[PDB]
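Coordinate-derived values only; no laboratory data. No Cβ is skipped: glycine too gets one built from the backbone with ideal geometry, and neighbour counts run over all protein chains shown.
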Amino acid sequence: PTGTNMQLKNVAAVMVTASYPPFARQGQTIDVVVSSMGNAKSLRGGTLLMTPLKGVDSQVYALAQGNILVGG
Amino acid sequence: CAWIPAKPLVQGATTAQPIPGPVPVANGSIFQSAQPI
Amino acid sequence: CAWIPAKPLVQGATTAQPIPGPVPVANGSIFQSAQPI
Amino acid sequence: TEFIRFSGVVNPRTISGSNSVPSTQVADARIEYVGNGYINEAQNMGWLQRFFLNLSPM
Amino acid sequence: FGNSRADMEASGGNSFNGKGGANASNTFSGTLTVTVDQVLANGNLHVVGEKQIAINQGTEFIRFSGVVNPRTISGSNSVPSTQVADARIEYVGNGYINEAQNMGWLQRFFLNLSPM
Amino acid sequence: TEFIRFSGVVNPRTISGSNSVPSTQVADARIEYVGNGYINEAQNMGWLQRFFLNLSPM
Amino acid sequence: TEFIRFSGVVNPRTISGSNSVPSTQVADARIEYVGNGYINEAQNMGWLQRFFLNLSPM
Amino acid sequence: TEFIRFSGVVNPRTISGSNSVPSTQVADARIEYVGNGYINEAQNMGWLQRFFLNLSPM
């Protein structure tokens, strides 16, 4: 429902950045960097949900989803 | 005077039928994008 | 007297159709800039 | 019968999270609110009154 | 301008005021037990029901029909009438009490054929 | 003499612990409450009034 | 007899958890509320009045 | 029918973050608010009154 209070603690909004390599072909995999965006304490053992990586032209060039590795 | 045929302000059709989408390609991917603008 | 044809204040067209954009060059870059002003 | 018709051009970045946009953010806004039946026929001036409104000296 | 050759006085006025409107309303409150007389392909149930009450000097019939989605039925085997797709609700009666609420044939003819 | 007649179909799972069920849980509820004697005869319209109720123009 | 008819196009993502959607989220909303019987016949203008409403000068 | 037309020259650095600019920051502001129908025809002076307004001595 539109009018409701959700107060989550296990979810963080993040920005994912990656490099599109030369001569990249569909189906190949690349590394991504996940950075928190607002008042999150940690991203220790989180899992990145399906994220479309846009280019400068605002077109989806990659789809990101995986487990984050934080140093510790 | 109210029976005189008149042209409405919003002429044309006031509805659009969703166009069926392209058939996915056989590349082994679930993500399939229509002709990108 | 209200039927006399009159010229509006904002003459011309009151709409502009977005012009399709240039075809990107084949340089291996995602950033493509139209003819820069 | 009442007809409410709308037409225009909407910029996608103006649409809110609830898939809604105020009518003042639509470029070529064409808004129409008309009706038919005797209720509408009662709000049209009589042909003679509508002629005197245009052709009478004062 | 002498001898009132230009002296003039003229007046004019025009007015118009039209208005119109309509409104409809209906209310229904009650409880009726119906029977499932058909189970559709998707599991929805076609339901029909009738209650007849004869009080003193007449007979009243309350009939209902529609399509009920099973997931809308509450734990007490009850569903509000606004969750029934093809709701057909009828509340009629007979006897002289009902006959007293029918317009006379001549009045019912003048209601349709009189000029005003 | 007054007669109160009832008929219908009752689902057993609606019957309460006191072997009782409200009349709104009976599917084909037929409820009748009639009487006879001059008290009932005094609540029937006269044949001429009952004819004028149906055949009079207004 | 009163008839309430509705027609339109509903986007599934607008439907709430109770399988309900407000009528303002339906694209081609066609809503009709009509009736018949002498109650409805009493709300139609007489043919002569409905003609004078259209053809009288004022 | 009412028509609201606007035209002008807008400097991009005056546009706010909500893609909006007050009308006083537009250089060649041409703002028009007109209408048609008998409501508009009722606000035009009669030809004879509009002639006496220009040609009468006083």
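Just a few scattered comments:
- When residue D:21 is tested against the conditions (1) at the interface with another protein chain (Cβ under 8 Å from one of its Cβ atoms); (2) surrounded by 15 or more Cβ atoms within 10 Å (Cβ to Cβ); (3) hydrophobic (A, V, I, L, M, F, W, C); (4) under 26 Å from residue B:11 (Cβ atoms), the lone failure is (1).
- Filter result for residue E:64 (of a type in the set (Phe, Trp, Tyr) and under 22 Å from the mean Cα position of the chain (by Cα)): yes
- Residues that are more than 30 Å from residue G:43 (Cβ to Cβ) and among the polar types (S, T, N, Q) do occur in segment D:38-54.
- Contacts under 9 angstrom Cβ, first residue in segment C:21-37 being assigned to a loop (DSSP other than H, G, I, E, B), partner among the hydroxyl-bearing types (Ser, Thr, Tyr), 6 or more apart: C:30/A:20; C:30/A:61
- Restricting the first member to segment H:35-55 and to residues that are free of Cβ contacts under 8 Å to residues at least 12 places away in the same chain, and the second to residues that are surrounded by 14 or more Cβ atoms within 10 Å (Cβ to Cβ) and of a type in the set (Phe, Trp, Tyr), the beta-carbon pairs closer than 8 Å and six or more apart or on different chains are H:38/E:16; H:42/E:16.
- Residues of segment E:4-18 that are surrounded by fewer than 10 Cβ atoms within 10 Å (Cβ to Cβ) and on the phi < 0 side of the Ramachandran plot: E:5, E:7, E:8, E:9, E:11, E:13, E:15, E:17.
- Applying the set (1) within 30 Å of residue E:76 (Cβ to Cβ); (2) in contact with a helix residue (DSSP H, G or I) (Cβ under 8 Å, 6 or more places away or on another chain) to residue F:54 leaves exactly one unmet item: (1).
- Checking each residue in segment E:63-116 for being away from chain F (no Cβ under 13 Å), loosely packed, with under 11 Cβ neighbours inside 10 Å, without any contact (Cβ under 8 Å) to a residue 24 or more places away in the chain and within 30 Å of residue F:48 (Cα to Cα) picks out only E:113.
- Selection of first residues in segment H:8-20 that are assigned to a helix (DSSP H, G or I) and of second residues that are polar (S, T, N, Q), restricted to Cβ pairs under 8 Å at least 6 apart or on distinct chains, gives the following pairs, ordered by first then second residue: H:14/H:25.
- The criterion of being under 19 Å from residue C:28 (Cβ atoms), surrounded by 10 or more Cβ atoms within 10 Å (Cβ to Cβ) and not β-branched (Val, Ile, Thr) holds for residue A:24.
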